Every structure is written in structure tokens, then in C-alpha cells.
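So the structure is just underneath, and the comments pick up after that.
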Amino acid sequence: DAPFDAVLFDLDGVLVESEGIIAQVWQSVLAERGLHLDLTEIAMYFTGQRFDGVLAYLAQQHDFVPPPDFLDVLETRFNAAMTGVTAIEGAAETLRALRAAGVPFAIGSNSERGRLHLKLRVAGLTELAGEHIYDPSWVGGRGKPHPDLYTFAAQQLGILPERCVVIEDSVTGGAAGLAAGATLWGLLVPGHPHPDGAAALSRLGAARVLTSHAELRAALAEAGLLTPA
Ligand code: NA
């Protein structure tokens with residue numbers, strides 16, 4: 001029983017740390033303007049929300065309406081901040097191990113293509129990540145949670161999606177992997193925010209929920225893809 005032929009990776013939260021950096025920008029721009037929120041609230045409610053929606057939330061939940069310069073300053077600073085994206089601890093080692101073992105893998109991200117590659121670059125992962133790196137523009141904009149991106153990634157590796165394992169930190173991305181026919185392993189590295197928690201990923205249908213790249217490599221070894229260490 002060898003369950004998998006290939007690994008399909010999420011980007012944000014699994015290979016690179018971006019949601020925490022974005023949360024810090026919200027927190028500082030707001031704090032400067034009088035409203036002091038904690039990073040967990042910001043990560044939970046602000047990240048991956050449309051700007052008008054953030055304004056509605058601020059008004060409804062905090063009786064707060066930001067000053068005119070709010071949009072401009074946020075943009076100026078999300079831009080400057082994107083350079084500060086880092087690799088998730090252990091991620092480079094997982095990619096290096098898979099490459100040494102000759103296991104096919106691909107990355108599937110809802111990031112716009114330029115940003116996807118910028119993040120891999122500043123995180124120091126470009127060489128390790130390889131060339132099977134897919135954003136929604138490869139599937140006509142039908143990004144996660146549609147299965148299309150992971151179906152396509154599997155196709156590009158010449159492997160059936162049913163024989164892939166998808167490593168994801170959100171319901172949005174986990175759903176895309178399951179809908180493609182893959183097995184879902186949640187990965188929630190602590191110390192970094194993720195869009196959903198372990199209970200949600202398990203209820204969604206993750207076969208497991210791992211909490212470190214060391215645990216991921218151990219699981220991949222149990223599945224016959226790496227050597228147990
Ligand atoms: Na993610």
C-alpha cells in the first residue's frame with residue numbers, strides 16, 4: 001500500500017510566512033490612528049477580506065472609521081512589507097529532502113504570479129521550489145477552492161490527482177485538494193497565523209493535521225516517500 005506518487009504544496013503559511021507580516025501592517029497602521037487591536041483578531045478577520053469589508057467590520061465591531069489617508073498608507077506599507085516574507089521553519093529542509101529522494105512535487109497558490117515568485121525569492125526558496133509553480137492564471141483564474149489548480153499541478157507532473165497528497169493550512173486550499181481527488185494533510189505550524197484551525201481541517205476531511213515540517217517529513221517517510229530519520 002503506497003498511497004502517494006507526489007506532493008502538492010500550498011504556498012502561504014506552509015512554505016512562506018506572509019499572513020503574520022500582513023497582520024502586523026494592519027495592526028500598526030490602525031494603532032497609529034488610535035485603534036489598537038491584537039494580531040489574532042486581525043489575522044482572523046482582516047486577512048483575506050476586501051477592503052470595504054474591513055471598513056464595515058471596523059465600524060460594526062469597533063465603532064471606528066479610519067481617516068482619509070488609510071487606503072494610501074496601507075498600500076504604501078503592504079508593498080514595503082512584502083520584502084520581509086520569510087520561509088516557514090523547516091520548509092527548505094522538506095523541499096531539499098523531497099528533491100534528494102526524487103519525489104515529484106508542485107506548488108499551487110492563489111497568489112498573483114508576480115507575488116508568488118517574489119515571496120519564494122525573498123524567503124530564499126526559489127531554487128528549491130523548482131519550476132512546477134502554479135498560480136490561478138494557469139487555470140483561467142479558477143483558483144482555490146476550485147480543484148482546478150491542483151488538478152492542473154498533478155497533470156503537469158504526469159500524475160493522477162488521486163495519487164497526490166496536498167499540504168494545506170486553510171479550508172480554502174484544503175477543499176481545492178480534496179475536490180481534485182487528492183488526500184489532504186493539514187499543516188499548521190504554530191507561531192504563524194493560518195486561516196483556519198485544526199478542528200475545521202479535520203472536519204473538512206484532512207486525513208491528518210500536522211504541526212511541523214519535521215512531522216510532515218516523518219509522515220512522508222511512513223508513506224514510503226522519504227527515509228525514516
Ligand atoms: Na495557505
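Starting from 1 in every chain, residues are counted up; chains themselves are A, B, ... following the order of the C-alpha cells, and ligands are numbered from 1 as listed.
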Please, which residues in chain A fall within 8 Å of ligand 1 when counting only C-alpha atoms and all ligand atoms, and what is the closest atom pair and distance in Å to one decimal for each, ordered by chain then residue number, as a Markdown table?
```
| residue | atom | partner | partner_atom_place_in_ligand_line | distance |
| --- | --- | --- | --- | --- |
| A:10 | CA | ligand 1 | 1 (Na) | 5.7 |
| A:11 | CA | ligand 1 | 1 (Na) | 5.9 |
| A:12 | CA | ligand 1 | 1 (Na) | 4.2 |
| A:13 | CA | ligand 1 | 1 (Na) | 4.8 |
| A:14 | CA | ligand 1 | 1 (Na) | 6.3 |
| A:109 | CA | ligand 1 | 1 (Na) | 7.7 |
| A:168 | CA | ligand 1 | 1 (Na) | 6.0 |
| A:169 | CA | ligand 1 | 1 (Na) | 4.9 |
| A:170 | CA | ligand 1 | 1 (Na) | 5.4 |
| A:172 | CA | ligand 1 | 1 (Na) | 8.0 |
| A:173 | CA | ligand 1 | 1 (Na) | 6.4 |
| A:194 | CA | ligand 1 | 1 (Na) | 6.8 |
| A:195 | CA | ligand 1 | 1 (Na) | 7.1 |
```
Suppose we keep N, CA and C atoms; can you now write the selection as a PDB file, in the first residue's frame?
```
ATOM      1  N   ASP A  10       0.685  23.903  -0.749  1.00  0.00           N
ATOM      2  CA  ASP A  10       0.297  25.297  -0.569  1.00  0.00           C
ATOM      3  C   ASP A  10       1.510  26.204  -0.416  1.00  0.00           C
ATOM      4  N   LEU A  11       1.368  27.487  -0.760  1.00  0.00           N
ATOM      5  CA  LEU A  11       2.452  28.438  -0.504  1.00  0.00           C
ATOM      6  C   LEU A  11       2.313  29.186   0.824  1.00  0.00           C
ATOM      7  N   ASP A  12       1.334  30.084   0.922  1.00  0.00           N
ATOM      8  CA  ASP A  12       1.210  30.942   2.095  1.00  0.00           C
ATOM      9  C   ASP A  12       0.825  30.192   3.362  1.00  0.00           C
ATOM     10  N   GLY A  13       1.736  30.210   4.337  1.00  0.00           N
ATOM     11  CA  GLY A  13       1.505  29.547   5.612  1.00  0.00           C
ATOM     12  C   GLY A  13       2.121  28.167   5.716  1.00  0.00           C
ATOM     13  N   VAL A  14       2.550  27.621   4.573  1.00  0.00           N
ATOM     14  CA  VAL A  14       3.077  26.250   4.518  1.00  0.00           C
ATOM     15  C   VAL A  14       4.531  26.323   4.105  1.00  0.00           C
ATOM     16  N   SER A 109      -0.746  28.033  -5.572  1.00  0.00           N
ATOM     17  CA  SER A 109      -1.028  29.190  -4.701  1.00  0.00           C
ATOM     18  C   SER A 109      -2.075  30.084  -5.333  1.00  0.00           C
ATOM     19  N   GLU A 168      -1.812  21.696   3.144  1.00  0.00           N
ATOM     20  CA  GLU A 168      -2.520  22.995   3.160  1.00  0.00           C
ATOM     21  C   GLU A 168      -2.764  23.491   4.573  1.00  0.00           C
ATOM     22  N   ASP A 169      -2.923  24.817   4.749  1.00  0.00           N
ATOM     23  CA  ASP A 169      -3.151  25.385   6.107  1.00  0.00           C
ATOM     24  C   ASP A 169      -4.524  26.088   6.210  1.00  0.00           C
ATOM     25  N   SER A 170      -5.365  25.895   5.203  1.00  0.00           N
ATOM     26  CA  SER A 170      -6.687  26.558   5.212  1.00  0.00           C
ATOM     27  C   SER A 170      -7.794  25.661   4.637  1.00  0.00           C
ATOM     28  N   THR A 172      -9.954  26.857   2.522  1.00  0.00           N
ATOM     29  CA  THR A 172      -9.987  27.259   1.105  1.00  0.00           C
ATOM     30  C   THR A 172      -9.085  26.341   0.262  1.00  0.00           C
ATOM     31  N   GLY A 173      -7.840  26.233   0.702  1.00  0.00           N
ATOM     32  CA  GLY A 173      -6.889  25.391  -0.055  1.00  0.00           C
ATOM     33  C   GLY A 173      -7.081  23.903   0.143  1.00  0.00           C
ATOM     34  N   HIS A 194      -2.808  31.057  10.576  1.00  0.00           N
ATOM     35  CA  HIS A 194      -3.386  30.293   9.456  1.00  0.00           C
ATOM     36  C   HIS A 194      -4.838  30.599   9.348  1.00  0.00           C
ATOM     37  N   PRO A 195      -5.411  30.454   8.142  1.00  0.00           N
ATOM     38  CA  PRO A 195      -6.777  30.974   8.028  1.00  0.00           C
ATOM     39  C   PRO A 195      -7.822  30.142   8.753  1.00  0.00           C
TER      40      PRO A 195
END
```
For residue 116 (chain A), work out the shell of residues within 10 Å, counting only C-alpha atoms and skipping chain neighbours fewer than 6 positions away, then give it as number ranges by chain.
A: 11-12, 16, 107-110, 133-135
Leaving out residue 223 (chain A) and any residue of its chain fewer than 6 positions from it, which residues lie within 12 Å of it when counting only C-alpha atoms, given as a count of residues only?
14
Point out the residue among A:85, A:171, A:55, A:204 with the least atom-to-atom distance to residue 146 (chain A), counting only C-alpha atoms.
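That would be A:171, the residue with the smallest distance to residue 146 (chain A).
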Could you name the residues that touch residue 125 (chain A) at 9 Å or less, counting only C-alpha atoms, but leaving out those on the same chain fewer than 2 positions away, as a PyMOL selection string?
chain A and resi 15-16+87+91-92+95+119-123+127-130
For the selection just defined, write its residues with C-alpha atoms to a file, as a PDB file, in the first residue's frame.
```pdb
ATOM      1  CA  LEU A  15       6.243  27.289   2.651  1.00  0.00           C
ATOM      2  CA  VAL A  16       6.390  31.036   3.349  1.00  0.00           C
ATOM      3  CA  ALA A  87      10.466  30.773   4.908  1.00  0.00           C
ATOM      4  CA  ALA A  91      10.205  24.207   4.744  1.00  0.00           C
ATOM      5  CA  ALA A  92      13.525  24.410   2.902  1.00  0.00           C
ATOM      6  CA  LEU A  95      11.861  20.605  -0.214  1.00  0.00           C
ATOM      7  CA  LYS A 119       7.684  35.557  -1.954  1.00  0.00           C
ATOM      8  CA  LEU A 120       9.653  32.470  -2.912  1.00  0.00           C
ATOM      9  CA  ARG A 121      12.594  34.710  -3.768  1.00  0.00           C
ATOM     10  CA  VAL A 122      12.721  36.764  -0.569  1.00  0.00           C
ATOM     11  CA  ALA A 123      12.133  33.595   1.522  1.00  0.00           C
ATOM     12  CA  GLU A 127      15.953  27.236  -6.309  1.00  0.00           C
ATOM     13  CA  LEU A 128      14.456  24.579  -4.029  1.00  0.00           C
ATOM     14  CA  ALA A 129      10.876  25.231  -5.216  1.00  0.00           C
ATOM     15  CA  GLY A 130      11.667  24.325  -8.814  1.00  0.00           C
TER      16      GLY A 130
END
```
Hey, can you check how far CA of residue 8 (chain A) sits from CA of residue 106 (chain A)?
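Computed distance, CA of residue 8 (chain A) to CA of residue 106 (chain A), equals 5.1 Å.
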Set the distance at 12 Å and use only C-alpha atoms: which residues neighbour residue 28 (chain A) once local chain neighbours fewer than 6 positions away are removed? I'd like the list as a count of residues only.
15
At a cut-off of 8 Å, using only C-alpha atoms, what residues contact residue 177 (chain A)? Leave out same-chain residues fewer than 6 positions from it and give the result as an MDAnalysis selection string.
chainID A and resid 147 150 166 183:184
Can you write just those residues out, C-alpha atoms, as a CSV table (one decimal), in the first residue's frame?
```csv
chain,number,residue,atom,x,y,z
A,147,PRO,CA,-9.9,22.0,-7.6
A,150,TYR,CA,-4.3,21.1,-8.1
A,166,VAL,CA,-1.9,18.1,-0.7
A,183,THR,CA,-5.6,13.3,0.1
A,184,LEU,CA,-5.4,16.3,2.4
```
